[PDB]
Amino acid sequence: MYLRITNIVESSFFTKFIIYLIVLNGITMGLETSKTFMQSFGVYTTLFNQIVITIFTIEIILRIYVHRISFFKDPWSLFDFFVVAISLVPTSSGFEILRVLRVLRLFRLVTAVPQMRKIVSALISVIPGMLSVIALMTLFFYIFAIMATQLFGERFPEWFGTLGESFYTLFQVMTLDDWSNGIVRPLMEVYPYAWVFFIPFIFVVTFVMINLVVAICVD
Amino acid sequence: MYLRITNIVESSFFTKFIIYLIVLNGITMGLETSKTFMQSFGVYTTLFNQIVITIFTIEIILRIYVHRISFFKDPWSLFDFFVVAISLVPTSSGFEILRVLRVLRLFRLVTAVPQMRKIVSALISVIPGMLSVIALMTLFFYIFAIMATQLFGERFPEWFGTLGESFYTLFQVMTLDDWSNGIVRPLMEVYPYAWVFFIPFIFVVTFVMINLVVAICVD
Amino acid sequence: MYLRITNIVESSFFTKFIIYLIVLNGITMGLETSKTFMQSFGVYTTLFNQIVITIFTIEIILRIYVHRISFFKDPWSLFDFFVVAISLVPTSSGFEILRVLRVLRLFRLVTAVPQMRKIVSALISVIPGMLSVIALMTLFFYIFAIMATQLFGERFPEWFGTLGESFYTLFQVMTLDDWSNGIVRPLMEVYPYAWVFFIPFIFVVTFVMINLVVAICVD
Amino acid sequence: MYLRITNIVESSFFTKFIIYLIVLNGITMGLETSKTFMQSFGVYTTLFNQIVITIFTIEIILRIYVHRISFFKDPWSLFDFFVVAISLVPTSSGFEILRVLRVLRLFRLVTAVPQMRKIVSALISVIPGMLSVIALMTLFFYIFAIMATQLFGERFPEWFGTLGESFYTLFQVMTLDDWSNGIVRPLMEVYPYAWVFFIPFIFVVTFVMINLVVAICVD
């Protein structure tokens, strides 16, 4: 039966049927957004939803008999396994985020269509050439975040009262979002010299980000 | 009579006469901004307007004889038809935006002057080389915008209550505009982990956006 | 006497004596900032100022005999002329910005020193290959600024009441400064669809601005 | 004993032991953040901290015998000296930042592990190409800041009262952070024309910065 199903699986119709289902389930989940639509046709939605999840498990079952170990060594394959997995956890218990993480299956439209795969892969491909810097930054963030927590988190615990918060705040300064009037100006009403901490910080972190951008304009 | 008018239309004088009306009508439309100017010379400029709109339809009518099916296959030409057409719809009824859309005819200074035409075309040509990325992002937005609406729209309907509002809010976070103490920090007062949605969101969407600019610094 | 003075003017001493005066006057101007320093050594600094102003006119006089027609055709020279002229307008009368524009003489350190000259010139030379785009943008701003004054100016005059006010607002949105919470969200409390005016505006204006940056990494 | 020690110091195991201590003292400093942790394991860590500091002074002493004058001419060596020297100053007297600047020793994970040094050096190397511009700007910032103080610091001393305050404000306007609603709009309720000072200031300073980024994407 193997070469029967391997012919079924590899069939354009099967792929196109899958891609068709995604773009239908995509449309379905945007309608699940409306409180109106849900009162009207929620049942229609929840069963069509449960149907699709079965069909996707069927497919993923078939897809593995036809690739075995080659499958679990394929990123894209792995992804699809993992996304439908989430979608499988019951409509109750644990963390309600799961019910929400389900919408991640609309990322299968990226996986099931090349060019997208191309583009995604084009994008991803740039990452390893950056991990040298990224690690540099995270070391930097970590070091300043600790200075911040023990320089400012007593009078300003919302922003710096905890390592986690200093990170968050330092990240915010880095996106340069409301970073003067929002955070540094106030800091200075108590600590005149907070500009000595954050102006160097800004320079470093912005400079680095410019280099990292130009690095992707080279390789 | 064809070659008579095909010599009128195709003439230098004709083109430079059209350009002369545009830069005149453009100056006329900025004087219609002032409530003062309108109480004195308002009548002058309303007629001057109807005059030019005639002249432009006369011209467009002429322009079509001289070109026929060639004309409805030229972008720049089509534009001028559509823009003058908008300028024809009576100063009443339906919606008033059409009265406001009339100011789009000053885009003819682009259409009817090279260099501008050149420069506009330079920019536009880059678009098809982005459409892979653009599509990617829209799918990304769509996925997150749905996830946000069902994670935050109950307590925070201003921002995430409707699919569209999540789109809007998400675009805002992307421009990195007051996303911290303007959206995220609030959200957190209720959903401590909301950083886990938005910090990732930010990496991806800024990352991508960096690439898309590096692409346009290659082609 | 000409070649005697033409030897004074071209003299390394003279050149370096000017450079010496600038950096001294510059330091003098940041001391004039302090209310304290002015209550102590104000008269010192006022005379030291009038002195230098003569020295710079004497020089610019000497400089002209030595160069004649050649001098009013040298950018860096013309500047130096005009910027000293400003410094000559009596410590009174007309506008008091003239008392303030006097600190533009410290832009002579750019003129009277190469490398600076080099770099400034390097920068400036990019401008002409941008005027095609800059033109395009101005037309765009002007078109959208008009629309906005006749679409939000009536209820929202602080931000769109006048053609000038809209230009400013539009410039603010373009720099993405508080554009959503500060501008578009409010607007939208009255005009639900203002987003249809601003999101496109923002795409266009930033796209164009991306190109112009890549343009200065082609040339 | 020189070659005995020159073989200890230069040894891989000595390096890998130093890197191992950094990564441990690193972890331990992010734990000293928790007030909880300090009330339980505080003594453990303060002792652990004083230990490593000796080990680092021992090492830095050893490192010097093995290199002599070659050592105080190596950036990376000097750094480690100065950072450990700070850490040597007793847990008392003076400013309190020295007790905080102590966390700068986690910058040794950069100095004493290749790849970072590479990347760091790749960064720094770019700086010399920038110092021509950087200077230009700093003359500019100095010039406008003086103008600003005498144009706006009487009504608006928070932001422009002092030469230093204007620096800071100008820096802020440059990062484009809340610059309209937060600074320039206000100024305008008193000085209608301040946009004439800040629109140009913004152009100039953003232009320059675009070049400077394009400069680094070529050299």
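All chains are identified by letter, namely A, B, C and D, in their written order; residue positions are counted from 1 within each chain.
Assume a contact is a pair of C-beta atoms (placed from the backbone, for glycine too) under 8 Å apart; a residue touches a chain by one contact, two chains touch by 3 or more.
CA centre of chain C versus CA centre of chain D: separation in Å?
Averaging C-alpha atoms per chain gives centres 31 Å apart.
Report the inter-centroid distance (CA atoms only) between chain B and chain D in whole Å.
Chain centroid spacing, chain B to chain D, equals 44 Å.
Among the residues of chain C, which ones contact at least 2 other chains?
176-178, 182, 213, 217
Classify the inter-chain contact topology: is it line, ring, star, complete, or other?
ring
According to the definition already given, which pairs of chains are in contact?
A-B, A-D, B-C, C-D
Given the complex with chain D, which residues does chain C contribute to the contact?
Answer in residue numbers: 26, 29-30, 33-34, 97, 100, 103-104, 106-107, 109-110, 115-116, 118-120, 122-123, 126, 168, 171-172, 175-178, 182, 213, 216-217.
For chain B, which residues are in contact with chain A within the complex?
132-133, 135-136, 139, 142-143, 146-147, 149-151, 162-163, 176-182, 195, 199, 202, 207-208, 210-211, 214, 217-218
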